[PDB]
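Presented below, as structure tokens, is a lone chain in the form deposited in one PDB entry.
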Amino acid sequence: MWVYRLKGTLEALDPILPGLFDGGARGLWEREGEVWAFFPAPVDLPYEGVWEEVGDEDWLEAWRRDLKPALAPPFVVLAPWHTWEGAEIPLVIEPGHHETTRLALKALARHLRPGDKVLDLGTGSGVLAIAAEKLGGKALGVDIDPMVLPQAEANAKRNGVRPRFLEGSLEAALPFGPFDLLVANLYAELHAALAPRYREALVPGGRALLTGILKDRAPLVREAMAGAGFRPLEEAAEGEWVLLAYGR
């Protein structure tokens, strides 16, 4: 579809709106002092607006404009352009809406202590490693996908903290270990396979917070972790997603 952009408020352009509709406009939006009228294709209009085809990028920007702060106690996840007046700890992330990210942040605050060394396995946006530093931890975030690291570093800088970010997996992290706590938002089957190595990555008495786990697959993880010698410490879920916390 195409957009016909006109300068002015809906209130100001009220007189020509019927014209846009008769002209075939299917949508109208007031966007920062402009009125955007949406059509299947450009048509001849005397209002002196400007035509432009709508693309995926336009959709992205619109969606982004509609985003609002997302609570995830004790934190609040904010877009870089968001302002926040509350008491919760700000986590500014470039567009935290996932159930698993919420479960992990909440569990992190409980199991993490100031001065703990943290491994955030599959760091992605880097949100968990960042929150770890905000809580007073010293974190290393790793991901097998290099593409995400630049954005992770950018997010970190925006939050005024600096965790270490690195390409790779668990093996790539060991040199910087052992760690006091490992947080991993992956999936049931992967956690199960890594159970033995999670134990090796943590100091005695260390913690493992696992999420990205679907309820009907929870048993797989309880079984692999017990088998690896971990004791269960906490369970929480949101929707069909669960987080399992263990002690080593």
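Residues that one form lacks are left out of the comparison. Think of the rigid core as the biggest set of C-alphas that the two forms share within 1.5 Å after superposition. When you see a residue number, it is the position in the sequence shown, counting from 1.
- Compared with other PDB entries of the same protein, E52 is present in all of those that resolve the residues around it, none of them, let alone a third, dropping it.
- Coordinates are lacking for 4 to 9 deposited residues between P95 and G96.
- The PDB entry records a higher mean C-alpha B factor for 168 to 176 than for its counterpart among 98 to 106 and 168 to 176.
- Annotation for 127 to 135 versus 68 to 76: the higher mean temperature factor (C-alpha) is found in 68 to 76.
- Of the residues listed, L121, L112, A156, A87, the entry assigns the biggest Cα temperature factor to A87.
- Out of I213, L209, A62, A37, it is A62 whose C-alpha atom has the highest B-factor in the PDB entry.
- Among all modelled residues in this chain, the alpha-carbon of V142 has a temperature factor (C-alpha) in the lowest third.
- In the deposited entry, the Cα temperature factor of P219 sits in the top third of values across the chain's modelled residues.
- In this PDB entry, the Cα temperature factor of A188 sits in the middle third of its chain's modelled residues.
- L202: CA B factor in the middle third of modelled residues in this chain (values from the PDB entry).
- Among all modelled residues in its chain, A41 ranks in the middle third by Cα B-factor.
Just so it is clear, the following notes concern the form deposited in another entry, a form of the same protein that is not shown.
- Superposing the two forms on their core leaves just one of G227, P232, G239, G24 with a Cα displacement of at least 2 Å between the shown form and the other one, namely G24.
- Regions where at least three consecutive shared residues each shift by 2 Å or more at the C-alpha between the shown form and the other one, after core superposition, reduce to one span, 1 to 66.
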